[PDB]
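Participant: Dropping the structure in here first, questions after.
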Amino acid sequence: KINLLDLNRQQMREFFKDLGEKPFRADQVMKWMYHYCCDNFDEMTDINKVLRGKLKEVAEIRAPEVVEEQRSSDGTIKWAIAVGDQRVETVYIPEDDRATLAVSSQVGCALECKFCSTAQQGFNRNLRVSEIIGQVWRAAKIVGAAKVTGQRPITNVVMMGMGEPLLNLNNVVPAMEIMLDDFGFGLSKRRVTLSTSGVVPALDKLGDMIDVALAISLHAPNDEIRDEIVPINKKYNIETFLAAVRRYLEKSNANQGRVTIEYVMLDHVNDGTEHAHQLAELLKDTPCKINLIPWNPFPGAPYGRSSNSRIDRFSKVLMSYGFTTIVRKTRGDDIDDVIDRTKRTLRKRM
Ligand code: SF4
């Protein structure tokens, strides 16, 4: 059975044609899937039995399942999501005017960024389209589908710190196409943001495939620091990454001219005022908005949290050069064993 969550609108229409159905039936089923978060053909009431029968034989709608849910007092929701026998994260961050979903692109990651908890476990595999868009679908079903509640559950999707998306371009791009589709989640290209640590040839490729908002996972004011913090910098240095960013902005207007620059503040490693002055000089030819991230250590992380006074001084330095600078909020602060699986088998035996 084909999982319909693997298909963009064009592919859905091609599949429905091969079942002897008119293209617009594919569009209709898409709306049920994404506007109503429906994974059950019986519930699709304006589809006839014959078509319902065809789909149940050759197709299904199977989104990744929640294995854990944590809910913050600030409304943030974090999910551990089963993708096969592997696990990934999905985070829902509601605000008064919008709701952002952070989704995973890979199971683990191969880039070895030193501050990243996703890195420490290493790279396992790429996610399929159904596993990426399925995170959005699952989040949307739980929060409340657009046409069930009358409100878009999600206005923004981000891909950051949950696998390098540019190393999973085959699955990431169609997933984003469904996010942007009116019959999918109907998000503006300005509100689908792909963060990358700078896989430059893949970024050149991204701009030829799709127009979405780009963020750059920079985290350092110079190569010698970034070489340490973000090892991929050894292969593609800052100036090469920035040249690639400018090339991407020739092809895409989702950023409206200004790339988002992400920068984790790491205690006495990259958060000094000297580093801020260097960053300002570095970004003089790159129109941008700078997002400073008050990063917190995971168990055994090689860095500590920067104080808010150091972060605020770093920010003021950047603002004195005229950069738009945002210190990001920490969300879901209240929610932030190797034997357990075997231990559960033994306990359930009794
Ligand atoms: S590219 Fe992103 S997910 Fe991968 S190790 Fe670096 S910060 Fe973590």
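Each chain of the structure tokens is named A, B, ... in the order shown, its residues numbered from 1; ligands are numbered from 1 in display order.
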Once DSSP has gone over the backbone, tell me which residues of range 23-213 of chain A are in strand (DSSP E), as an NGL selection string.
Facilitator: :A and (59-60 or 65-71 or 77-83 or 86-94 or 99-103 or 106-108 or 123-126 or 156-159 or 192-196 or 213)
Participant: Could those residues be written to a file, using C-alpha atoms, as an mmCIF file, in the first residue's frame?
Facilitator:
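And here is the file that came out, selection.cif:
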```cif
data_model
loop_
_atom_site.group_PDB
_atom_site.id
_atom_site.type_symbol
_atom_site.label_atom_id
_atom_site.label_comp_id
_atom_site.auth_asym_id
_atom_site.auth_seq_id
_atom_site.Cartn_x
_atom_site.Cartn_y
_atom_site.Cartn_z
ATOM 1 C CA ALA A 59 -3.400 3.171 -0.321
ATOM 2 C CA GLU A 60 -3.332 4.334 3.269
ATOM 3 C CA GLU A 65 2.695 7.941 16.186
ATOM 4 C CA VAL A 66 3.313 9.822 19.425
ATOM 5 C CA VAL A 67 5.295 7.774 21.962
ATOM 6 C CA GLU A 68 5.582 10.612 24.487
ATOM 7 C CA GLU A 69 3.977 14.018 24.970
ATOM 8 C CA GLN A 70 5.122 16.746 27.368
ATOM 9 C CA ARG A 71 3.076 19.923 27.860
ATOM 10 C CA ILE A 77 4.229 20.805 23.449
ATOM 11 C CA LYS A 78 7.116 18.416 22.832
ATOM 12 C CA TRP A 79 6.550 15.039 21.208
ATOM 13 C CA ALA A 80 8.760 12.009 20.913
ATOM 14 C CA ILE A 81 7.601 10.465 17.646
ATOM 15 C CA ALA A 82 7.987 6.846 16.542
ATOM 16 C CA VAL A 83 9.465 6.596 13.029
ATOM 17 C CA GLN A 86 13.572 4.882 15.717
ATOM 18 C CA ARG A 87 12.504 8.089 17.515
ATOM 19 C CA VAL A 88 12.522 11.806 16.589
ATOM 20 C CA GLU A 89 11.334 15.085 18.114
ATOM 21 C CA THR A 90 8.601 17.515 17.100
ATOM 22 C CA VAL A 91 7.937 20.738 19.048
ATOM 23 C CA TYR A 92 4.842 22.941 18.976
ATOM 24 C CA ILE A 93 5.349 26.538 20.157
ATOM 25 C CA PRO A 94 2.147 28.597 20.373
ATOM 26 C CA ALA A 99 1.919 28.811 16.199
ATOM 27 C CA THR A 100 5.249 27.354 15.123
ATOM 28 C CA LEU A 101 6.068 23.686 14.607
ATOM 29 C CA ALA A 102 9.690 22.527 14.738
ATOM 30 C CA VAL A 103 10.003 19.234 12.793
ATOM 31 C CA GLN A 106 16.638 13.056 9.951
ATOM 32 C CA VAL A 107 16.983 10.488 12.709
ATOM 33 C CA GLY A 108 20.036 11.926 14.447
ATOM 34 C CA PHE A 123 23.369 9.786 12.302
ATOM 35 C CA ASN A 124 20.941 6.866 11.832
ATOM 36 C CA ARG A 125 18.932 7.638 8.680
ATOM 37 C CA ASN A 126 16.992 10.101 6.563
ATOM 38 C CA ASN A 156 4.883 28.447 10.860
ATOM 39 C CA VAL A 157 7.081 25.415 10.255
ATOM 40 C CA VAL A 158 10.795 25.406 11.073
ATOM 41 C CA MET A 159 13.494 22.812 10.451
ATOM 42 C CA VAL A 192 8.350 27.743 6.169
ATOM 43 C CA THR A 193 11.921 28.221 7.330
ATOM 44 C CA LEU A 194 14.725 25.785 6.522
ATOM 45 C CA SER A 195 17.726 26.202 8.803
ATOM 46 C CA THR A 196 21.038 24.825 7.493
ATOM 47 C CA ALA A 213 12.617 30.985 3.901
#
```
Participant: Residues within 8 Å of residue 117 in chain A, please, as a VMD selection string. Count only C-alpha atoms; anything in the same chain fewer than 4 positions from it doesn't count.
Facilitator: chain A and resid 121 298 301
Participant: Between chain A and ligand 1, at 7 Å or less, what are the per-residue closest atom pairs and their distances in Å? Count only C-alpha atoms and all ligand atoms, order by chain and rising residue number, and return it as CSV.
Facilitator:
```
residue,atom,partner,partner_atom_place_in_ligand_line,distance
A:109,CA,ligand 1,4 (Fe),4.7
A:110,CA,ligand 1,4 (Fe),6.2
A:111,CA,ligand 1,5 (S),4.4
A:112,CA,ligand 1,5 (S),4.6
A:113,CA,ligand 1,6 (Fe),4.2
A:116,CA,ligand 1,8 (Fe),4.5
A:117,CA,ligand 1,8 (Fe),6.8
A:118,CA,ligand 1,8 (Fe),5.2
A:119,CA,ligand 1,5 (S),4.3
A:160,CA,ligand 1,2 (Fe),5.9
A:161,CA,ligand 1,3 (S),3.6
A:162,CA,ligand 1,3 (S),4.2
A:163,CA,ligand 1,3 (S),3.9
A:164,CA,ligand 1,1 (S),4.5
A:196,CA,ligand 1,1 (S),6.4
A:197,CA,ligand 1,1 (S),5.2
A:230,CA,ligand 1,6 (Fe),6.5
```
Participant: CA of residue 139 in chain A to CA of residue 173 in chain A: how many Å, to one decimal?
Facilitator: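 Going from CA of residue 139 in chain A over to CA of residue 173 in chain A covers 19.4 Å.
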Participant: Write out as a CSV table (one decimal) with N, CA, C and O atoms, in the first residue's frame all residues of range 15-261 of chain A that backbone DSSP assigns to alpha helix (DSSP H).
Facilitator:
```
chain,number,residue,atom,x,y,z
A,15,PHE,N,-1.2,9.3,-9.3
A,15,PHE,CA,-1.6,8.1,-8.7
A,15,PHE,C,-3.1,7.9,-8.8
A,15,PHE,O,-3.6,6.8,-9.2
A,16,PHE,N,-3.9,8.9,-8.7
A,16,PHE,CA,-5.4,8.8,-8.8
A,16,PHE,C,-5.7,8.5,-10.3
A,16,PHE,O,-6.7,7.8,-10.6
A,17,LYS,N,-5.0,9.1,-11.2
A,17,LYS,CA,-5.2,8.8,-12.7
A,17,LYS,C,-5.0,7.4,-13.0
A,17,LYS,O,-5.7,6.8,-13.8
A,18,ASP,N,-3.9,6.8,-12.4
A,18,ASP,CA,-3.6,5.3,-12.6
A,18,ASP,C,-4.7,4.4,-11.9
A,18,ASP,O,-4.7,3.2,-12.2
A,23,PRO,N,-8.1,13.7,-11.9
A,23,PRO,CA,-7.1,14.4,-11.1
A,23,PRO,C,-7.7,15.1,-9.9
A,23,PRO,O,-7.1,15.0,-8.8
A,24,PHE,N,-8.8,15.8,-10.0
A,24,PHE,CA,-9.4,16.6,-8.9
A,24,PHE,C,-9.9,15.8,-7.7
A,24,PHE,O,-10.2,16.3,-6.7
A,25,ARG,N,-10.0,14.4,-7.9
A,25,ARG,CA,-10.3,13.6,-6.8
A,25,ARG,C,-9.1,13.5,-5.8
A,25,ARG,O,-9.3,13.4,-4.6
A,26,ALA,N,-7.9,13.5,-6.4
A,26,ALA,CA,-6.7,13.6,-5.6
A,26,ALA,C,-6.6,14.8,-4.7
A,26,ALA,O,-6.3,14.7,-3.6
A,27,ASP,N,-7.0,15.9,-5.3
A,27,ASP,CA,-7.1,17.2,-4.6
A,27,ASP,C,-8.1,17.1,-3.5
A,27,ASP,O,-7.8,17.6,-2.4
A,28,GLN,N,-9.2,16.5,-3.7
A,28,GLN,CA,-10.3,16.3,-2.7
A,28,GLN,C,-9.8,15.5,-1.5
A,28,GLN,O,-10.1,15.9,-0.4
A,29,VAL,N,-9.1,14.4,-1.8
A,29,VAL,CA,-8.6,13.5,-0.7
A,29,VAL,C,-7.5,14.2,0.0
A,29,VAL,O,-7.4,14.1,1.3
A,30,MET,N,-6.7,15.0,-0.7
A,30,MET,CA,-5.7,15.8,0.0
A,30,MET,C,-6.3,16.8,1.0
A,30,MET,O,-5.8,16.9,2.1
A,31,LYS,N,-7.4,17.4,0.7
A,31,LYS,CA,-8.1,18.3,1.6
A,31,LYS,C,-8.6,17.6,2.8
A,31,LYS,O,-8.4,18.1,4.0
A,32,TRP,N,-9.2,16.4,2.7
A,32,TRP,CA,-9.6,15.6,3.8
A,32,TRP,C,-8.4,15.3,4.7
A,32,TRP,O,-8.4,15.4,5.9
A,33,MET,N,-7.3,14.9,4.1
A,33,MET,CA,-6.0,14.5,4.8
A,33,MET,C,-5.5,15.7,5.6
A,33,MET,O,-5.2,15.5,6.8
A,34,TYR,N,-5.4,16.9,5.0
A,34,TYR,CA,-4.6,18.0,5.6
A,34,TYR,C,-5.5,19.1,6.3
A,34,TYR,O,-5.1,19.7,7.2
A,35,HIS,N,-6.7,19.3,5.7
A,35,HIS,CA,-7.6,20.3,6.3
A,35,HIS,C,-8.4,19.7,7.5
A,35,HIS,O,-8.7,20.5,8.4
A,49,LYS,N,-18.4,5.1,-2.6
A,49,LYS,CA,-18.0,3.8,-2.1
A,49,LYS,C,-16.9,3.2,-3.0
A,49,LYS,O,-15.9,2.6,-2.5
A,50,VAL,N,-17.1,3.3,-4.3
A,50,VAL,CA,-16.2,2.7,-5.3
A,50,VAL,C,-14.8,3.3,-5.1
A,50,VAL,O,-13.8,2.5,-5.2
A,51,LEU,N,-14.7,4.6,-5.0
A,51,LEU,CA,-13.4,5.3,-4.8
A,51,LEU,C,-12.8,5.0,-3.5
A,51,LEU,O,-11.6,4.7,-3.3
A,52,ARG,N,-13.7,5.0,-2.5
A,52,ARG,CA,-13.3,4.6,-1.1
A,52,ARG,C,-12.7,3.2,-1.1
A,52,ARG,O,-11.7,2.9,-0.4
A,53,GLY,N,-13.3,2.3,-1.8
A,53,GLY,CA,-12.9,0.9,-2.0
A,53,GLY,C,-11.5,0.8,-2.6
A,53,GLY,O,-10.7,0.0,-2.2
A,54,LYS,N,-11.4,1.5,-3.7
A,54,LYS,CA,-10.1,1.5,-4.5
A,54,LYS,C,-8.9,1.9,-3.5
A,54,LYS,O,-7.9,1.3,-3.5
A,55,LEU,N,-9.2,3.1,-2.8
A,55,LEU,CA,-8.1,3.7,-2.0
A,55,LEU,C,-7.7,2.8,-0.8
A,55,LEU,O,-6.5,2.7,-0.5
A,56,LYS,N,-8.7,2.1,-0.2
A,56,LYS,CA,-8.4,1.2,0.9
A,56,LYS,C,-7.6,0.0,0.5
A,56,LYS,O,-6.9,-0.5,1.4
A,57,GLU,N,-7.7,-0.4,-0.7
A,57,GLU,CA,-6.9,-1.6,-1.2
A,57,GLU,C,-5.5,-1.2,-1.6
A,57,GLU,O,-4.5,-1.9,-1.2
A,58,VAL,N,-5.3,-0.1,-2.3
A,58,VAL,CA,-4.0,0.3,-2.8
A,58,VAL,C,-3.3,1.4,-2.0
A,58,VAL,O,-2.1,1.7,-2.2
A,117,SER,N,22.4,18.4,21.0
A,117,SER,CA,22.1,17.1,21.6
A,117,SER,C,21.6,16.1,20.6
A,117,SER,O,21.7,14.9,20.8
A,118,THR,N,21.2,16.5,19.4
A,118,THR,CA,20.8,15.6,18.3
A,118,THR,C,22.1,15.0,17.7
A,118,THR,O,22.0,13.9,17.2
A,119,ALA,N,23.2,15.7,17.8
A,119,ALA,CA,24.5,15.2,17.3
A,119,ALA,C,25.0,14.1,18.0
A,119,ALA,O,25.5,13.1,17.4
A,120,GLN,N,25.0,14.1,19.4
A,120,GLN,CA,25.7,13.2,20.2
A,120,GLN,C,25.4,11.7,19.9
A,120,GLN,O,26.2,10.9,20.0
A,129,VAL,N,9.3,11.3,3.1
A,129,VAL,CA,8.4,12.4,3.0
A,129,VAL,C,7.2,12.3,4.1
A,129,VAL,O,6.9,13.2,4.8
A,130,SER,N,6.7,11.1,4.2
A,130,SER,CA,5.5,10.8,5.1
A,130,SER,C,5.9,11.0,6.5
A,130,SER,O,5.0,11.3,7.3
A,131,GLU,N,7.2,10.8,6.8
A,131,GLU,CA,7.7,11.0,8.2
A,131,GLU,C,8.0,12.4,8.6
A,131,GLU,O,8.0,12.8,9.7
A,132,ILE,N,8.2,13.3,7.6
A,132,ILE,CA,8.4,14.7,7.8
A,132,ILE,C,7.1,15.4,7.8
A,132,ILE,O,6.7,16.1,8.8
A,133,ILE,N,6.3,15.4,6.7
A,133,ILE,CA,5.0,16.0,6.6
A,133,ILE,C,4.0,15.3,7.7
A,133,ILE,O,3.2,16.0,8.2
A,134,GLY,N,4.3,14.0,8.0
A,134,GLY,CA,3.5,13.3,9.0
A,134,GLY,C,3.7,13.9,10.4
A,134,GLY,O,2.8,13.7,11.2
A,135,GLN,N,4.8,14.5,10.7
A,135,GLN,CA,5.0,15.2,12.0
A,135,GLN,C,4.0,16.4,12.0
A,135,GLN,O,3.5,16.7,13.0
A,136,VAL,N,3.9,17.1,10.9
A,136,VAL,CA,3.0,18.3,10.8
A,136,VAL,C,1.6,17.8,10.9
A,136,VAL,O,0.8,18.4,11.7
A,137,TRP,N,1.3,16.8,10.2
A,137,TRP,CA,-0.1,16.2,10.2
A,137,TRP,C,-0.5,15.7,11.6
A,137,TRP,O,-1.6,16.0,12.1
A,138,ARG,N,0.5,15.1,12.3
A,138,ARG,CA,0.2,14.6,13.7
A,138,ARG,C,0.0,15.7,14.7
A,138,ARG,O,-1.0,15.7,15.4
A,139,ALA,N,0.9,16.7,14.6
A,139,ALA,CA,0.8,17.9,15.5
A,139,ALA,C,-0.5,18.6,15.2
A,139,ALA,O,-1.2,18.9,16.1
A,140,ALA,N,-0.9,18.7,13.9
A,140,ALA,CA,-2.1,19.3,13.5
A,140,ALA,C,-3.4,18.6,14.0
A,140,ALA,O,-4.4,19.2,14.4
A,141,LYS,N,-3.4,17.2,13.9
A,141,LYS,CA,-4.5,16.4,14.4
A,141,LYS,C,-4.7,16.6,15.9
A,141,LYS,O,-5.9,16.8,16.3
A,142,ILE,N,-3.6,16.6,16.6
A,142,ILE,CA,-3.7,16.7,18.1
A,142,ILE,C,-4.2,18.1,18.5
A,142,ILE,O,-5.0,18.2,19.4
A,143,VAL,N,-3.5,19.1,18.0
A,143,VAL,CA,-3.9,20.5,18.3
A,143,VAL,C,-5.3,20.8,17.8
A,143,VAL,O,-6.2,21.4,18.6
A,146,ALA,N,-7.6,22.4,10.9
A,146,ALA,CA,-8.1,23.8,10.5
A,146,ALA,C,-9.6,23.8,10.3
A,146,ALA,O,-10.2,24.7,10.8
A,147,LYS,N,-10.1,22.8,9.6
A,147,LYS,CA,-11.6,22.8,9.4
A,147,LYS,C,-12.4,22.1,10.4
A,147,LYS,O,-13.6,22.0,10.3
A,148,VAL,N,-11.7,21.5,11.4
A,148,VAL,CA,-12.4,21.0,12.6
A,148,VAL,C,-12.7,22.1,13.6
A,148,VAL,O,-13.8,22.3,14.1
A,149,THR,N,-11.6,23.0,13.9
A,149,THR,CA,-11.7,24.0,14.9
A,149,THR,C,-12.0,25.4,14.3
A,149,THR,O,-12.4,26.3,15.0
A,169,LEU,N,17.5,16.2,1.0
A,169,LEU,CA,16.8,17.1,0.1
A,169,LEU,C,15.7,16.4,-0.7
A,169,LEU,O,14.7,17.0,-1.0
A,170,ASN,N,15.9,15.1,-1.0
A,170,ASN,CA,14.9,14.3,-1.7
A,170,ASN,C,13.5,14.2,-1.0
A,170,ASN,O,12.5,14.1,-1.6
A,171,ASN,N,13.6,14.1,0.3
A,171,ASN,CA,12.4,14.0,1.2
A,171,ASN,C,11.9,15.3,1.7
A,171,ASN,O,10.7,15.6,1.9
A,172,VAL,N,12.9,16.2,2.1
A,172,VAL,CA,12.6,17.5,2.6
A,172,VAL,C,11.8,18.4,1.7
A,172,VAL,O,10.9,19.1,2.1
A,173,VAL,N,12.2,18.4,0.4
A,173,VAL,CA,11.6,19.3,-0.6
A,173,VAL,C,10.1,19.0,-0.9
A,173,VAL,O,9.3,19.9,-0.9
A,174,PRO,N,9.8,17.7,-1.2
A,174,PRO,CA,8.3,17.4,-1.3
A,174,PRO,C,7.5,17.6,-0.1
A,174,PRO,O,6.3,18.0,-0.2
A,175,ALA,N,8.1,17.4,1.1
A,175,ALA,CA,7.4,17.7,2.4
A,175,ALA,C,7.0,19.1,2.5
A,175,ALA,O,5.9,19.5,2.9
A,176,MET,N,8.0,20.0,2.2
A,176,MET,CA,7.8,21.4,2.2
A,176,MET,C,6.8,21.9,1.1
A,176,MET,O,6.0,22.8,1.3
A,177,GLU,N,6.8,21.2,-0.1
A,177,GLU,CA,5.8,21.4,-1.1
A,177,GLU,C,4.4,21.2,-0.6
A,177,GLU,O,3.5,21.9,-1.0
A,178,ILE,N,4.2,20.2,0.2
A,178,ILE,CA,2.8,19.9,0.8
A,178,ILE,C,2.5,20.9,1.8
A,178,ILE,O,1.3,21.4,1.9
A,179,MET,N,3.4,21.4,2.6
A,179,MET,CA,3.2,22.4,3.6
A,179,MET,C,2.7,23.7,2.9
A,179,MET,O,1.9,24.4,3.5
A,180,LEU,N,3.3,24.0,1.8
A,180,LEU,CA,3.0,25.2,1.0
A,180,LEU,C,1.7,25.2,0.2
A,180,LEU,O,1.2,26.2,-0.2
A,200,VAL,N,26.8,23.6,1.2
A,200,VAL,CA,26.7,24.6,0.1
A,200,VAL,C,26.2,24.1,-1.3
A,200,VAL,O,25.4,24.7,-1.9
A,201,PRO,N,26.8,22.9,-1.8
A,201,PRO,CA,26.2,22.4,-3.0
A,201,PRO,C,24.8,22.0,-2.9
A,201,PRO,O,24.0,22.2,-3.9
A,202,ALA,N,24.4,21.6,-1.8
A,202,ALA,CA,22.9,21.2,-1.6
A,202,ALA,C,22.1,22.5,-1.5
A,202,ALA,O,20.9,22.5,-1.8
A,203,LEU,N,22.6,23.6,-1.0
A,203,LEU,CA,21.9,24.9,-0.9
A,203,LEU,C,21.7,25.4,-2.3
A,203,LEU,O,20.6,25.9,-2.6
A,204,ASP,N,22.7,25.4,-3.1
A,204,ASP,CA,22.6,25.8,-4.5
A,204,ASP,C,21.5,25.0,-5.2
A,204,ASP,O,20.8,25.5,-6.0
A,205,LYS,N,21.4,23.7,-4.8
A,205,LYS,CA,20.4,22.8,-5.4
A,205,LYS,C,19.0,23.2,-4.8
A,205,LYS,O,18.0,23.1,-5.6
A,206,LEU,N,18.9,23.5,-3.6
A,206,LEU,CA,17.7,23.9,-2.9
A,206,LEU,C,17.0,25.0,-3.7
A,206,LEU,O,15.8,24.9,-3.9
A,207,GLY,N,17.7,26.1,-4.0
A,207,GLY,CA,17.2,27.2,-4.7
A,207,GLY,C,16.7,26.9,-6.1
A,207,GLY,O,15.8,27.7,-6.7
A,208,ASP,N,17.2,25.9,-6.8
A,208,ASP,CA,16.7,25.4,-8.1
A,208,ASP,C,15.4,24.6,-8.0
A,208,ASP,O,14.7,24.3,-9.0
A,209,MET,N,15.1,24.1,-6.8
A,209,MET,CA,14.0,23.2,-6.5
A,209,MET,C,12.8,23.9,-5.9
A,209,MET,O,11.6,23.6,-6.3
A,223,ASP,N,36.2,31.7,11.4
A,223,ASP,CA,36.4,30.3,11.0
A,223,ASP,C,37.0,29.4,12.1
A,223,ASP,O,36.6,28.3,12.3
A,224,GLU,N,38.0,29.9,12.8
A,224,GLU,CA,38.7,29.1,13.8
A,224,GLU,C,37.8,28.8,15.0
A,224,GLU,O,37.9,27.6,15.5
A,225,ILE,N,36.9,29.6,15.3
A,225,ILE,CA,35.8,29.3,16.3
A,225,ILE,C,34.8,28.3,15.7
A,225,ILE,O,34.4,27.3,16.3
A,226,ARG,N,34.3,28.6,14.5
A,226,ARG,CA,33.3,27.8,13.9
A,226,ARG,C,33.8,26.4,13.5
A,226,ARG,O,33.0,25.4,13.6
A,227,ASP,N,35.1,26.3,13.1
A,227,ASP,CA,35.7,25.0,12.9
A,227,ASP,C,35.5,24.1,14.1
A,227,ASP,O,35.3,22.9,13.9
A,228,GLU,N,35.6,24.6,15.3
A,228,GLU,CA,35.4,23.9,16.5
A,228,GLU,C,34.0,23.6,16.8
A,228,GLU,O,33.6,22.5,17.0
A,229,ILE,N,33.1,24.7,16.7
A,229,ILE,CA,31.7,24.6,17.2
A,229,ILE,C,30.8,23.8,16.1
A,229,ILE,O,30.0,23.0,16.5
A,238,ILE,N,33.0,30.1,6.3
A,238,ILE,CA,31.9,31.1,6.5
A,238,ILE,C,31.7,31.8,5.2
A,238,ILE,O,30.6,31.9,4.7
A,239,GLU,N,32.8,32.4,4.6
A,239,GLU,CA,32.7,33.2,3.3
A,239,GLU,C,32.1,32.4,2.2
A,239,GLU,O,31.4,32.9,1.3
A,240,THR,N,32.4,31.1,2.1
A,240,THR,CA,31.8,30.2,1.1
A,240,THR,C,30.3,30.0,1.4
A,240,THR,O,29.5,30.1,0.4
A,241,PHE,N,30.0,29.8,2.6
A,241,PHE,CA,28.6,29.7,3.0
A,241,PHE,C,27.8,31.0,2.7
A,241,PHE,O,26.7,30.9,2.1
A,242,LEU,N,28.3,32.1,3.1
A,242,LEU,CA,27.7,33.4,2.8
A,242,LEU,C,27.5,33.7,1.3
A,242,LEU,O,26.5,34.2,0.8
A,243,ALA,N,28.5,33.3,0.5
A,243,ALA,CA,28.4,33.4,-1.0
A,243,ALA,C,27.3,32.5,-1.5
A,243,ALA,O,26.5,33.0,-2.4
A,244,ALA,N,27.2,31.3,-1.0
A,244,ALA,CA,26.0,30.4,-1.3
A,244,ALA,C,24.7,31.0,-0.9
A,244,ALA,O,23.7,30.9,-1.6
A,245,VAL,N,24.7,31.7,0.3
A,245,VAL,CA,23.4,32.4,0.7
A,245,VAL,C,23.0,33.5,-0.2
A,245,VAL,O,21.8,33.5,-0.6
A,246,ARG,N,23.9,34.3,-0.7
A,246,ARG,CA,23.6,35.3,-1.7
A,246,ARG,C,23.1,34.8,-3.0
A,246,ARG,O,22.2,35.3,-3.6
A,247,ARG,N,23.7,33.7,-3.4
A,247,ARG,CA,23.2,33.0,-4.6
A,247,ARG,C,21.8,32.5,-4.4
A,247,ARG,O,21.0,32.6,-5.3
A,248,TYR,N,21.5,32.0,-3.2
A,248,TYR,CA,20.1,31.5,-2.9
A,248,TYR,C,19.1,32.7,-3.0
A,248,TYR,O,18.0,32.5,-3.4
A,249,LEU,N,19.5,33.8,-2.5
A,249,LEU,CA,18.6,35.0,-2.5
A,249,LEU,C,18.4,35.6,-3.9
A,249,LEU,O,17.6,36.5,-4.0
A,250,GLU,N,19.2,35.2,-4.8
A,250,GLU,CA,19.0,35.6,-6.2
A,250,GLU,C,17.8,34.8,-6.8
A,250,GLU,O,17.0,35.4,-7.6
A,251,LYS,N,17.6,33.6,-6.3
A,251,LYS,CA,16.5,32.7,-6.8
A,251,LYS,C,15.2,32.7,-6.0
A,251,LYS,O,14.2,32.4,-6.5
```
Participant: In Å, rounded to a single decimal, give me how far CA of residue 38 in chain A is from CA of residue 62 in chain A.
Facilitator: 10.2 Å
Participant: Could you give me, as CSV, every range 142-256 of chain A residue with an atom at most 6 Å from range 261-275 of chain A, plus its closest atom pair and distance in Å to one decimal, counting only C-alpha atoms, rows ordered by chain then number?
Facilitator:
```
residue,atom,partner,partner_atom,distance
A:215,CA,A:261,CA,5.7
A:216,CA,A:261,CA,5.1
A:217,CA,A:262,CA,5.1
A:218,CA,A:263,CA,5.8
A:219,CA,A:263,CA,4.1
A:221,CA,A:275,CA,5.8
```
Participant: May I have the residues from that selection written out with N, CA and C atoms, as an mmCIF file, in the first residue's frame?
Facilitator:
```
data_model
loop_
_atom_site.group_PDB
_atom_site.id
_atom_site.type_symbol
_atom_site.label_atom_id
_atom_site.label_comp_id
_atom_site.auth_asym_id
_atom_site.auth_seq_id
_atom_site.Cartn_x
_atom_site.Cartn_y
_atom_site.Cartn_z
ATOM 1 N N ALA A 215 17.207 30.032 6.993
ATOM 2 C CA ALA A 215 17.963 30.490 8.145
ATOM 3 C C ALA A 215 19.340 29.847 8.067
ATOM 4 N N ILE A 216 20.364 30.532 8.562
ATOM 5 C CA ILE A 216 21.697 29.938 8.588
ATOM 6 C C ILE A 216 22.178 29.700 10.021
ATOM 7 N N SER A 217 22.585 28.464 10.261
ATOM 8 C CA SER A 217 23.014 28.024 11.566
ATOM 9 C C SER A 217 24.510 28.341 11.653
ATOM 10 N N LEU A 218 24.812 29.570 12.062
ATOM 11 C CA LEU A 218 26.163 30.123 11.997
ATOM 12 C C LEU A 218 26.936 29.855 13.289
ATOM 13 N N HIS A 219 26.434 30.388 14.402
ATOM 14 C CA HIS A 219 26.957 30.108 15.755
ATOM 15 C C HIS A 219 28.406 30.522 16.041
ATOM 16 N N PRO A 221 31.661 33.829 15.025
ATOM 17 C CA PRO A 221 32.053 35.049 14.322
ATOM 18 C C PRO A 221 33.272 34.895 13.399
#
```
Participant: For the atom pair CA of residue 152 in chain A and CA of residue 259 in chain A, what is the interatomic distance in Å to one decimal place?
Facilitator: 25.7 Å
Participant: Leaving out range 311-327 of chain A and any residue of its chain fewer than 4 positions from it, which residues lie within 6 Å of it when counting only C-alpha atoms, given as a list in words?
Facilitator: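 The residues satisfying every condition are residues 273, 276, 289, 290, 291 and 292 of chain A.
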Participant: Tell me which protein, DNA and RNA residues are within 8 Å of residue 72 in chain A, counting only C-alpha atoms, leaving out same-chain ones fewer than 5 positions away, and put them as a list in words.
Facilitator: residues 77, 332, 333, 334 and 335 of chain A
Participant: As a list in words, please: the residues near residue 235 in chain A (cut-off 9 Å, only C-alpha atoms, same-chain neighbours under 3 positions excluded).
Facilitator: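 Listing them by chain and then by number gives residues 199, 231 and 232 of chain A.
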Participant: Could you take the residues named above and write them with C-alpha atoms, as an mmCIF file, in the first residue's frame?
Facilitator:
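Final output, part16.cif:
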```
data_model
loop_
_atom_site.group_PDB
_atom_site.id
_atom_site.type_symbol
_atom_site.label_atom_id
_atom_site.label_comp_id
_atom_site.auth_asym_id
_atom_site.auth_seq_id
_atom_site.Cartn_x
_atom_site.Cartn_y
_atom_site.Cartn_z
ATOM 1 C CA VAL A 199 26.003 22.163 2.921
ATOM 2 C CA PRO A 231 32.771 21.106 12.155
ATOM 3 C CA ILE A 232 31.160 21.296 8.655
#
```
Participant: Point out the residue among A:253, A:76, A:286, A:168 with the least atom-to-atom distance to residue 210 in chain A, counting only C-alpha atoms.
Facilitator: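 With only C-alpha atoms as the atom set, the closest residue is A:253.
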